Amino acid sequence: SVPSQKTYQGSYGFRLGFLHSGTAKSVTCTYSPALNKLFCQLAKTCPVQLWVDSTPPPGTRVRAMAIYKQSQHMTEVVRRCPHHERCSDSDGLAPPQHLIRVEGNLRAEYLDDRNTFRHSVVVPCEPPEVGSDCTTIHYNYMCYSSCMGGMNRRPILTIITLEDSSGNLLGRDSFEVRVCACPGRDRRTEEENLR
Ligand SMILES: *c1ncc(Cl)c(C(=O)O)n1
Ligand SMILES: [Zn+2]
C-alpha cells in the first residue's frame, strides 16, 4: 500500500506555506519553491504554514506522514534508523521509531497504522490567531537522509493531510525533504543542478 500524494485543496482551499529563510551557512531549515523541497538539519524546528480560504469544522485535524519518493522504494515504511531509534531523545509523546515529530503541541497524537505499519503524527487544525492569517506547525525530522539502515540516502516526501474527525480526506499537500548537515549549501547545489 502507498498513500496518495495528489495535491488536493478541497472545499476549504487547503495548502501549505513556507518561510523565506535563505541559504546562508547559518540556516537550519530552508524551503526551495523551485524544487518543492525542504532542507533541514537533524531535529531542528521546521515551521510549516497551513493556509485555508475558509475555516474547516471543529474537530478537523492535520496529519503528517513520510513516504519514499522513488518508485522502487514507495512501499517501504519510512522510519528512524537502527541508531537513532535507540537514542535517548524522547519528548514523552513521540514513539522512538517515528521520523516526524510535532514540536511543542501537547495535543499531538502519533499513529502506528495497524494495517500499513506506517507512522504519522496528527494535531488539531487551529484557526489563525489574532494578527495572523495562517497557522504554523513546527515539525522535527529525527534522522538524516543519509542514515544507514534508515533512509540510506533515499529521498522522502512529507504528505500533509487535512482530515475530518473520522480521518476522511479534506485536503492534501506535500513536499520533498532532505535532512542534512548543510541545508543552505545543499539547497544552492540542488537549485543549480536543476537550472
Ligand atoms: C543518540 N542519542 C544520544 C547520543 Cl549521545 C547519540 C550519539 O551517539 O551521538 N545518539
Ligand atoms: Zn538515523
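Reckoned from all heavy atoms, side chains included, excluding hydrogens, waters and symmetry mates. FYI, the numbering just counts along the sequence from 1.
When side chains are defined from C-beta on, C46 counts as touching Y141, because their heavy atoms get closer than 4.5 Å. Within the 4.5 Å cutoff, the side chain of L38 has heavy atoms near those of the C29 side chain. Here the side chains of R172 and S4 are in contact, with some heavy-atom distance below 4.5 Å. Residues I100 and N140 form no side-chain contact, since every pair of their non-hydrogen atoms from C-beta on lies 4.5 Å or further apart.
In this structure, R185 contributes its side chain and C182 its backbone to no donor-acceptor pair below 3.5 Å. Although no hydrogens or angles enter the test, the distance criterion places no donor-acceptor pair under 3.5 Å between the side chain of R178 and the main chain of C40. Between the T135 side chain and the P127 main chain, no donor and acceptor come within less than 3.5 Å of each other. No donor-acceptor pair closer than 3.5 Å links the side chain of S166 to the backbone N or O of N168. Between the side chain of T60 and the main chain of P57, a donor-acceptor pair closer than 3.5 Å is present. Between the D164 side chain and the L169 main chain, no donor and acceptor come within less than 3.5 Å of each other. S132 contributes no side-chain N or O that, together with a main-chain N or O of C134, makes up a donor-acceptor pair within less than 3.5 Å. No side-chain donor-acceptor contact under 3.5 Å links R61 to the backbone of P124. For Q41 (side chain) and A181 (main-chain N/O), a donor-acceptor pair under 3.5 Å exists by modelled atom type. Between the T161 side chain and the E163 main chain, no donor and acceptor come within less than 3.5 Å of each other.
For the side chain to side chain donor-acceptor pair (under 3.5 Å) test with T30, the passing option among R188, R187, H20 is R187; the others fail. The one candidate from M142, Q97, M151, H119 that meets the side-chain contact (heavy atoms from CB on, under 4.5 Å) condition with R80 is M142.
Cluster membership check: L111 does not share its hydrophobic cluster with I67, using side-chain heavy-atom separations under 4.5 Å among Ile, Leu, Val, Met, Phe, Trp and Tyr. Put simply, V122 and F14 are part of two different groups of oily side chains (I, L, V, M, F, W, Y) that touch within less than 4.5 Å, one to the next. Taken together through direct or relayed side-chain contacts under 4.5 Å among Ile, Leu, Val, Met, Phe, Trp and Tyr, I160 and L99 form part of one hydrophobic cluster. Clustering ILVMFWY residues whenever any of their side-chain heavy atoms sit less than 4.5 angstrom apart, transitively, puts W51 in a cluster other than the one holding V62. Cluster membership for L162 and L50, using ILVMFWY side-chain heavy atoms within less than 4.5 angstrom, is shared.
Defined by atom type and a distance below 3.5 Å, a donor-acceptor pair is missing between the side-chain atoms of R153 and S146. With hydrogens and angles left out, the side-chain atoms of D89 and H84 include no donor and acceptor closer than 3.5 Å. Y31 and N36 share a donor-acceptor pair across their side chains, judged by distance under 3.5 Å alone.
Applying the salt bridge (charged side-chain N to carboxylate O under 4.0 Å, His left out) test to every pair with at least one member in residues 121-145, sequence neighbours left out, gives these pairs: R107-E126.
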Full working for side-chain hydrogen bond (donor to acceptor under 3.5 Å, both in side chains) between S32 and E190: CA-CA 9 Å; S32 172; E190 294 191 24; over 6 Å; no
Derivation of the side-chain contact (heavy atoms from CB on, under 4.5 Å) call for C147 and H83: CA-CA 8 Å; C147 282; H83 168 60; over 6 Å; no
Audit row: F18, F175, ring pair (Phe, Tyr, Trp, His ring centres under 6.0 Å) steps and yes/no: CA-CA 11 Å; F18 300 85; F175 54 97; 5.2 Å; yes
Chi angles and distances behind the side-chain contact (heavy atoms from CB on, under 4.5 Å) call for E76, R154: CA-CA 11 Å; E76 188 179 328; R154 298 173 289 180; 2.7 Å; yes
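Residues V177 and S145 approach most closely at O-OG, 4.1 Å, considering heavy atoms. Shortest non-hydrogen contact noted between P47 and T136 is CB-CG2, 3.8 Å. Between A66 and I156, the shortest heavy-atom distance links the atoms CB-CD1, 4.1 Å. In terms of heavy atoms, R15 sits closest to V52 at NH1-C, 3.7 Å. Of all the heavy atoms in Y110 and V102, the pair that sits closest is OH-N, 3.1 Å. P82 approaches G150 most closely through the heavy-atom pair CD-N, 4.3 Å.
To the nearest 0.5 Å, atom NZ of residue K69 and atom CD of residue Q5 are 9.0 Å apart. Atoms CG and SG, on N152 and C143 in that order, are 11.0 Å from each other to the nearest 0.5 Å. Residue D173 holds its CG atom at 10.5 Å from CD1 of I159, rounded to the nearest 0.5 Å. Taken to the nearest 0.5 Å, the OH atom of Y139 stands 8.5 Å off from the OG1 atom of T158. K44 contributes atom NZ, which lies 10.0 Å from atom CD of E103 (distance to the nearest 0.5 angstrom). Atoms CG and CE, on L157 and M65 in that order, are 12.5 Å from each other to the nearest 0.5 Å.
Under the 4.0 Å criterion applied to side-chain N and carboxylate O atoms, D186 and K37 are not assigned as salt-bridge partners.
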